[PDB]
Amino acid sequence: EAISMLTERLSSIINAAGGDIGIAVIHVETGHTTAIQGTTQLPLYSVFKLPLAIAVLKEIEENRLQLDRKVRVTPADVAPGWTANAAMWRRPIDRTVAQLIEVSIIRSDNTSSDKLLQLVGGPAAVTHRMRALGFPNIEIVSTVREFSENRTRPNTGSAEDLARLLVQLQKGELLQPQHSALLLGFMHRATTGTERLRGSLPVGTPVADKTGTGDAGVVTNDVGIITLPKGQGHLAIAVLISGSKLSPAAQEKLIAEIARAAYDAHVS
């Protein structure tokens, strides 16, 4: 029956991909869950910026921080190898906490993410916030710089915990309404995953997403929320691909095809 056999189809889409692949698809309103290796913790790379943004917004909601607090960013905060977004960080600049979350989510900025990581108390504090919220299978152990000088101790998370996190975000149970609207607005405008969760959906499908990419196709990740048409609800979806044999383009196409299969199963 269409959602019953989604696991069969997902398993054949990723067959012979090699590596380690975790998938979780959760229908937000009903809770219907489809998972493949859904409890295995896999390298997150830039996907960790989504738990980071939640921990930052929890700090504001727990009255230890403000959205409009000015934070000074200097070229000293940019790691050497960070080439993608470094153009905004060449002379000292003041950004509000809201603006730091913005650029870290939309542009997958490493510099602003590491600044936010310090504001909340480092990797251990984010890991604690995750279990305090109900997601004990998300372990943040490294800053972005630390991990960049040696890929050995990566931040990991299971696909099911990321999807469950997105379910509560979409439902309005995770953050205050204005913080939920603010974060989903950022994720709707994210520009790093045009070929992934959005790649194969029908024209006009709203998608909020956060990607993760390692160099040379070592890791290709995408987690997000797909708005179904009609009044059919939302899909929280996490795809974590680690160490695949496939080329980068084919790994992105794997994510796009997984999303379209989950979309098709849950739409009438």
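Numbering starts at 1 and runs along the sequence shown.
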query	finding
73-81 set against 134-142, stretch whose average Cα temperature factor tops the other in the entry	73-81
Selected stretch [higher average CA B-factor]: 163-171 or 83-91	83-91
Of the residues 157, 154, 185, 122, the one carrying the largest Cα B-factor as recorded	154
200, 232, 34, 63, ranked by C-alpha B-factor: the highest one	63
Record-listed C-alpha B factor of residue 212: chain third	middle
For residue 262, the third of its chain into which the C-alpha B factor falls	lowest
Third of the chain's Cα B-factor distribution that residue 191 belongs to, per the entry	highest
Residue 148 CA temperature factor, ranked by third within the chain	highest
Residue 68 - Cα temperature factor, lowest/middle/highest third of chain	highest
